[PDB]
Protein chains: 2
Amino acid sequence: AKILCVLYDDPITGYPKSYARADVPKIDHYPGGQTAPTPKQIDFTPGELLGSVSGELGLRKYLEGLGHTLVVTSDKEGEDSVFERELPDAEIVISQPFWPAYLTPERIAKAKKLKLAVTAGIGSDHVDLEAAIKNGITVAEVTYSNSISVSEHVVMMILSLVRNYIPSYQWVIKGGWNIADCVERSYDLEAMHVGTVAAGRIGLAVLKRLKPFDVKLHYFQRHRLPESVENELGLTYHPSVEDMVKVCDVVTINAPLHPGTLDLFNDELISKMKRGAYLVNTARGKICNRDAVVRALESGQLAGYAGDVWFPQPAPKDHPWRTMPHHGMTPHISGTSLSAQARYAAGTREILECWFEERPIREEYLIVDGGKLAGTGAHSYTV
Amino acid sequence: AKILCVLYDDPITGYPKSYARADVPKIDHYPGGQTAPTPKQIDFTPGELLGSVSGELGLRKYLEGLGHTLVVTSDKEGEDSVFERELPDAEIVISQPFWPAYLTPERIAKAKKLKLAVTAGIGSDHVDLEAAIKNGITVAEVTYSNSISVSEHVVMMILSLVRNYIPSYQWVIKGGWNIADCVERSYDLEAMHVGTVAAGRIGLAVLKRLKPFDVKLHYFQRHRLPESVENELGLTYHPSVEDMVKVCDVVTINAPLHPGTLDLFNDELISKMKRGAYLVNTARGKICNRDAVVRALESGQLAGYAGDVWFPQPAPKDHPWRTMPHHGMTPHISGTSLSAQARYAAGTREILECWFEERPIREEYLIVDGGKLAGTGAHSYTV
Ligand SMILES: NC(=O)c1ccc[n+]([C@@H]2O[C@H](COP(=O)([O-])OP(=O)(O)OC[C@H]3O[C@@H](n4cnc5c(N)ncnc54)[C@H](OP(=O)(O)O)[C@@H]3O)[C@@H](O)[C@H]2O)c1
Ligand SMILES: NC(=O)c1ccc[n+]([C@@H]2O[C@H](COP(=O)([O-])OP(=O)(O)OC[C@H]3O[C@@H](n4cnc5c(N)ncnc54)[C@H](OP(=O)(O)O)[C@@H]3O)[C@@H](O)[C@H]2O)c1
């Protein structure tokens, strides 16, 4: 069998020979009890670069040792590329959302042998779920593997927007001081109203982290959390996005991309937010209308916007989120920290082992299986 | 009486005509129960720029209503400055740590009428305390007014260093994507060992905010906290800084500048930290040896440094912290967010109202009074 694995390029300075620290903390389990991934073995040391071409997610010796062939490449765009050329032979396709091999219906129609599409990470919107259901393709992702990582990125970006971190760092590099230029748009987060769209693995983790900042917490999702959980964190639930955003100084989006959330934050919804509200989006790019975000930033309806997710990915050189005012963007990185890579690489291997040993894949990893949304997919997604 | 007040310049784009938001949250008290400042009146709306020359800390109408004069300038360095020229006459001198009117022994000795030195903010190391003591000068500061603001900046900076926020932002601006370049030094904070030097108003607030990030917490002070709080936040006490930093992935400094902390983090102490440790200093610049920090970053002993405090202030154009590798600096801004300004501006007025009506200044505002360290000064400072 042939496994088709798309990963991002090595660093332009070469694949690293050393690292800033000697190791990473050992993460045994996640909040709520889900165990860390359980592959029989890992062919890497946590802390190493696994998500790039040279890292191979630590998969080669395990796969080739079973008699399979593994194609690793970063070349994912075009019909004469390595990905789309190898696709008709692939039984298994793997890729990361940070450098996603888009599985369109046209590409799935060509992938005659494809049975398993693995998201090395969290979030399978780059796969056409409707077409995968149609063709009997199983879709899995490493649920929870980088949820905590993203929640850290969120609190970081909220604080950077509100406190005006990045323009202030820029005065340091320009040789200035310019206190009044830094702080004429610098506020404390303390006692602001913060609301999250979704209170799942990331959302709940953001709410727990936000709590000791003494903010007023808000959340909107289709199903409420346990009342006991709400009272312990001081949460107000809202039946609609609209009802939540109208009283929020800061909004975080932590929902998956599916028809319920596509183009959710458009001109209309953003106009219902508070004047000068801050918007953070580490979820998926297309949940916010690209031009509606730019446009509320230029007017001041949004005081700032930040996130790591774009559409498409990679973002083109002229993508307007690069140049819109008052942003604190990164490329899609929060879920591919070295710490997180250790977890979703182990989880990717666990899924493969389950596939090739004809053991069932963890129910929480599943998105679609047997021609339907299944597992976490039926809980979090819509088609 | 004459009040001489030193403030930073208005923005180079002009004193703002509008703000990103309509108001800021009203802060009633601080954690632990200390009330917010209690002036009889304020002549500003919270959220306005008060710490620049045009803001005047909202003091002019009040002071001139009583027949006093108020002289305001930013020109503060050297014997040939508006500040030094106006000083021999002043009964009261006010400045902010972010743009500090340094009250050396020489300047204090020439201030023939000086009886009160107020810090519009927190931290009175810019006043020579021994000379104030000897000359019978009251030194006061608005205790707690921006402690929470700094605790926010700290967590922002820890996350930025560890997750590698700023270089990844620059890849966005350069038109790139470059995941592996961003994340070859990107880590999660989760389960790292983090310790603070001091667990005071800032340091405790830092520890409370870091706890739900699931770090292992450490601290060092001169006075150990009781069991109740050490057990409630999972704190490990260390009897010295040396003992703390050798087990810490991340170190925060949150003590005042006095002889017990001057040059604390020198080459020798920094060399006992873990290889690849991250160092955050929102406390005072001189607590870290300027060149030792540069050396440790150039050698990889420190994986990152970040803070907002420099020496001297303003830092000159060629100050090596602007250009050392792997920094996430800002100018001195954390304690002068618009929200923090409302509090210490109200606190400056409360102190002046107490001065002129011969009411006692809040003991906790006091640093030196009656020829000795007093109030908070005796709790936190040494001479
Ligand atoms: N590097 C990154 O930036 C990064 C990394 C990982 C994940 N992500 C994104 O973040 C998504 C979620 O992460 P996760 O680990 O927290 O997954 P999760 O644990 O399954 O949580 C998803 C939550 O979205 C809720 N929600 C679903 N549909 C909604 C809707 N139409 N409106 C409002 N809320 C809705 C769901 O709750 P209800 O059923 O009650 O509505 C669920 O609680 C992922 O799918 C991925 O797209 C980004
Ligand atoms: N904008 C800014 O960046 C900003 C704003 C405000 C303040 N600051 C700086 O941060 C300092 C602290 O702020 P704060 O609000 O937390 O004042 P604070 O409530 O008095 O806290 C002072 C803490 O320093 C401790 N400490 C004192 N001497 C020490 C020593 N020799 N070694 C180790 N720890 C020592 C004290 O604990 P022990 O007595 O037990 O040792 C105390 O917990 C301020 O003095 C100021 O310089 C910066």
# chains A, B, ... in the order shown; residues from 1 in each chain; ligands from 1
call {"tool": "residues_near_ligand", "arguments": {"ligand": "ligand 1", "cutoff": "7 Å", "atoms": "only C-alpha atoms and all ligand atoms", "output": "number ranges by chain"}}
result
A: 98, 121-124, 143-144, 146-147, 150, 197-203, 220-224, 254-257, 260-261, 282-284, 308-309, 332-336, 376, 379-381
call {"tool": "residues_around", "arguments": {"residues": "segment 65-73 of chain B", "least_positions_apart": "2", "cutoff": "6 Å", "atoms": "only C-alpha atoms", "output": "list in words"}}
result
residues 1, 2, 3, 4, 5, 6, 61, 62, 63 and 75 of chain B
call {"tool": "write_last_selection", "arguments": {"atoms": "N, CA, C and O atoms", "output": "PDB file, in the first residue's frame"}}
result
ATOM      1  N   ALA B   1       1.630  77.436  46.267  1.00  0.00           N
ATOM      2  CA  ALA B   1       2.744  76.526  46.032  1.00  0.00           C
ATOM      3  C   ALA B   1       2.846  76.162  44.552  1.00  0.00           C
ATOM      4  O   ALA B   1       1.871  76.252  43.801  1.00  0.00           O
ATOM      5  N   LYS B   2       4.042  75.762  44.139  1.00  0.00           N
ATOM      6  CA  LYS B   2       4.328  75.398  42.758  1.00  0.00           C
ATOM      7  C   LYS B   2       4.414  73.877  42.634  1.00  0.00           C
ATOM      8  O   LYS B   2       5.128  73.228  43.407  1.00  0.00           O
ATOM      9  N   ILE B   3       3.686  73.313  41.673  1.00  0.00           N
ATOM     10  CA  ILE B   3       3.749  71.884  41.378  1.00  0.00           C
ATOM     11  C   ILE B   3       4.423  71.699  40.025  1.00  0.00           C
ATOM     12  O   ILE B   3       3.931  72.187  38.999  1.00  0.00           O
ATOM     13  N   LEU B   4       5.547  70.987  40.029  1.00  0.00           N
ATOM     14  CA  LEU B   4       6.348  70.722  38.844  1.00  0.00           C
ATOM     15  C   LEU B   4       6.115  69.275  38.426  1.00  0.00           C
ATOM     16  O   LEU B   4       6.414  68.351  39.189  1.00  0.00           O
ATOM     17  N   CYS B   5       5.569  69.081  37.226  1.00  0.00           N
ATOM     18  CA  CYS B   5       5.080  67.779  36.787  1.00  0.00           C
ATOM     19  C   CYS B   5       5.711  67.425  35.447  1.00  0.00           C
ATOM     20  O   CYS B   5       5.597  68.194  34.485  1.00  0.00           O
ATOM     21  N   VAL B   6       6.374  66.269  35.384  1.00  0.00           N
ATOM     22  CA  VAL B   6       7.089  65.827  34.191  1.00  0.00           C
ATOM     23  C   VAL B   6       6.307  64.686  33.556  1.00  0.00           C
ATOM     24  O   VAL B   6       5.964  63.712  34.234  1.00  0.00           O
ATOM     25  N   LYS B  61      -7.029  72.263  36.589  1.00  0.00           N
ATOM     26  CA  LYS B  61      -8.163  72.990  37.159  1.00  0.00           C
ATOM     27  C   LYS B  61      -8.165  72.907  38.683  1.00  0.00           C
ATOM     28  O   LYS B  61      -8.358  73.914  39.371  1.00  0.00           O
ATOM     29  N   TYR B  62      -7.930  71.708  39.223  1.00  0.00           N
ATOM     30  CA  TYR B  62      -7.887  71.521  40.671  1.00  0.00           C
ATOM     31  C   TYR B  62      -6.817  72.395  41.311  1.00  0.00           C
ATOM     32  O   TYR B  62      -7.087  73.120  42.277  1.00  0.00           O
ATOM     33  N   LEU B  63      -5.589  72.331  40.788  1.00  0.00           N
ATOM     34  CA  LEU B  63      -4.474  73.013  41.433  1.00  0.00           C
ATOM     35  C   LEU B  63      -4.602  74.523  41.307  1.00  0.00           C
ATOM     36  O   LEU B  63      -4.328  75.253  42.266  1.00  0.00           O
ATOM     37  N   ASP B  75      10.825  67.956  29.148  1.00  0.00           N
ATOM     38  CA  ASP B  75      12.256  68.228  29.025  1.00  0.00           C
ATOM     39  C   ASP B  75      12.904  68.022  30.388  1.00  0.00           C
ATOM     40  O   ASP B  75      12.801  68.878  31.269  1.00  0.00           O
TER      41      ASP B  75
END
call {"tool": "interface_residues", "arguments": {"of": "chain B", "to": "chain A", "cutoff": "7 Å", "atoms": "only C-alpha atoms", "output": "JSON, numbers by chain"}}
result
{"B": [8, 9, 10, 11, 12, 20, 21, 25, 49, 52, 149, 156, 159, 160, 168, 169, 172, 173, 175, 176, 177, 179, 180, 181, 183, 184, 185, 186, 187, 188, 191, 192, 208, 209, 212, 213, 275, 276, 300, 303, 314, 317, 322, 328, 329, 330, 331, 333, 336, 337, 338, 339]}
call {"tool": "select_by_dssp", "arguments": {"residues": "segment 34-199 of chain B", "states": "strand (DSSP E)", "output": "count of residues only"}}
result
22
call {"tool": "select_by_dssp", "arguments": {"residues": "segment 109-339 of chain A", "states": "alpha helix (DSSP H)", "output": "ChimeraX atom specification"}}
result
/A:109-110,129-134,147-163,165-173,179-183,201-210,227-233,241-245,267-272,290-299,338-339
call {"tool": "calpha_fit_rmsd", "arguments": {"fixed": "chain A", "moving": "chain B"}}
result
0.3 Å
call {"tool": "closest_residue", "arguments": {"among": "B:351, B:215, B:262, B:368", "to": "ligand 2", "atoms": "only C-alpha atoms and all ligand atoms"}}
result
B:262
call {"tool": "atom_distance", "arguments": {"atom1": "atom CA of residue 347 of chain A", "atom2": "atom CA of residue 141 of chain A"}}
result
8.2 Å
call {"tool": "closest_residue", "arguments": {"among": "B:135, B:96, B:38, B:104", "to": "residue 79 of chain B", "atoms": "only C-alpha atoms"}}
result
B:104
call {"tool": "residues_around", "arguments": {"residues": "residue 139 of chain B", "least_positions_apart": "6", "cutoff": "12 Å", "atoms": "only C-alpha atoms", "output": "PyMOL selection string"}}
result
chain B and resi 92-95+103+108+114-120+122-133+351+355+361-377
call {"tool": "residues_around", "arguments": {"residues": "residue 238 of chain A", "least_positions_apart": "3", "cutoff": "7 Å", "atoms": "only C-alpha atoms", "output": "ChimeraX atom specification"}}
result
/A:219-220,243-244
call {"tool": "atom_distance", "arguments": {"atom1": "atom CA of residue 239 of chain B", "atom2": "atom 20 (O, counted along the ligand's line) of ligand 2"}}
result
18.9 Å
